[PDB]
Ligand SMILES: [Zn+2]
Ligand SMILES: [Zn+2]
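Chains as they are written, first to last, in my numbering: chain A, 1 to 167; chain B, 168 to 334.
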């Protein structure tokens with residue numbers, strides 16, 4: 001159903017573009033019987049029409065989150081930028097949201113970024129350790145009445161392993 | 168592999184039974200050249216040899232839990248036995264262990280038994296409601312950082328629905 005919908009939507013878009021181009025040409029012909037700069041021509045014409053994503057799109061938001069993770073990983077290699085980022089409160093945001101969401105590669109990249117953010121900062125390391133210990137203790141308190149609590153700590157323990165493995 | 172193992176184990180058991188019977192017959196023949204009662208004959212002979220389950224068996228423990236649930240459901244229909252059972256502390260045991268384990272029929276039967284145990288007891292109803300509310304609040308506190316917490320409340324809410332639906 002999605003494939004048929006996409007085909008029909010593309011056909012409709014092509015038809016709309018052709019119709020609007022013809023209307024613009026006819027209007028210009030009627031008017032010829034105003035200078036535009038190079039950027040204004042692109043803005044007005046049909047050239048800048050079909051490269052914008054929908055506002056409520058899951059895939060596009062996922063892609064933007066991937067780009068944000070990549071850019072933040074690049075930025076964190078500067079110690080001053082690392083300090084500013086950890087002062088923004090990025091560690092808790094990455095812990096609550098991006099640890100468990102996305103492809104496996106993205107999850108490992110988020111783990112690497114979280115490890116890098118605490119490379120030589122005792123306060124950031126203490127904060128991350130507090131988050132991990134709190135989650136593990138809260139899960140282990142009710143593990144006995146619900147085993148999924150004990151079996152849904154793999155990412156916290158993986159984060160601990162990754163942080164320790166980097167001397 | 169399990170099927171082949173079971174076949175070989177059955178063959179070994181049959182061979183052992185034949186050998187032991189022959190040894191008993193030979194010993195009796197040698198001794199004939201002590202009265203036993205009817206129950207003692209069965210105890211001694213090979214008749215009472217192959218009807219005992221292994222101590223560490225998962226399926227047999229599951230079956231015993233099923234029988235316990237059925238017997239307790241039968242017993243709870245007496246108000247005095249119901250009061251004694253709820254005084255034993257059965258509601259918490261059923262809530263913590265048997266709500267999520269077993270086949271779907273067993274789970275629904277456990278829900279029915281838990282509903283029946285609080286049929287006209289304000290204290291038992293308050294205890295069950297406290298358990299449900301506490302679990303739901305604890306899960307909903309960390310629902311934001313972990314959605315499995317929000318999606319693993321189906322049995323508590325089913326229990327609440329079943330308890331309410333019975334006037
Ligand atoms: Zn999109
Ligand atoms: Zn068995």
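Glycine is no exception: its CB is placed at the ideal position from the N, C-alpha and C atoms.
Residue from the options whose Cα sits closest to the Cα of residue i
{"i": "residue 93(A)", "options": "69(A), 5(A) and 138(A)", "result": "69(A)"}
{"i": "residue 137(A)", "options": "157(A), 83(A) and 101(A)", "result": "157(A)"}
{"i": "residue 116(A)", "options": "134(A), 80(A), 40(A) and 141(A)", "result": "80(A)"}
{"i": "residue 281(B)", "options": "194(B), 252(B) and 308(B)", "result": "252(B)"}
{"i": "residue 385(B)", "options": "195(B), 200(B) and 224(B)", "result": "The requested residue 385(B) is not part of the displayed model; chain B covers only 168 to 334."}
{"i": "residue 312(B)", "options": "145(A), 43(A) and 155(A)", "result": "155(A)"}
{"i": "residue 106(A)", "options": "71(A), 126(A) and 78(A)", "result": "71(A)"}
{"i": "residue 65(A)", "options": "166(A), 110(A), 36(A) and 6(A)", "result": "110(A)"}
{"i": "residue 328(B)", "options": "188(B), 296(B), 201(B) and 257(B)", "result": "296(B)"}
{"i": "residue 123(A)", "options": "9(A), 59(A) and 89(A)", "result": "89(A)"}
{"i": "residue 292(B)", "options": "316(B), 315(B) and 333(B)", "result": "333(B)"}
{"i": "residue 254(B)", "options": "224(B), 288(B), 227(B) and 223(B)", "result": "288(B)"}
Closer than 8 Å at the beta carbon, the chain A residues around residue i
{"i": "residue 263(B)", "result": "144 and 145"}
Under 7 Å from the C-beta of residue i: neighbouring residues of chain B
{"i": "residue 62(A)", "result": "Residues of chain B passing the Cβ test: none, with the nearest at roughly 16 Å."}
Check whether residue i and residue j have beta carbons under 9 Å apart
{"i": "residue 269(B)", "j": "residue 330(B)", "result": "no"}
{"i": "residue 216(B)", "j": "residue 178(B)", "result": "no"}
{"i": "residue 99(A)", "j": "residue 140(A)", "result": "no"}
{"i": "residue 298(B)", "j": "residue 262(B)", "result": "yes"}
{"i": "residue 249(B)", "j": "residue 243(B)", "result": "yes"}
{"i": "residue 279(B)", "j": "residue 285(B)", "result": "no"}
{"i": "residue 148(A)", "j": "residue 315(B)", "result": "yes"}
Listed by chain order, chain B residues near residue i by CB distance under 9 Å
{"i": "residue 137(A)", "result": "Within chain B, no residue comes near residue 137(A); the closest Cβ sits about 12 Å away, beyond 9 Å."}
Chain-ordered chain A contacts of residue i [CB-CB under 7 Å]
{"i": "residue 315(B)", "result": "148 and 152"}
Which residues end up in the neighbourhood of ligand 1 when you take C-beta atoms closer than 5 Å to any of its heavy atoms?
53(A), 57(A), 59(A) and 60(A)
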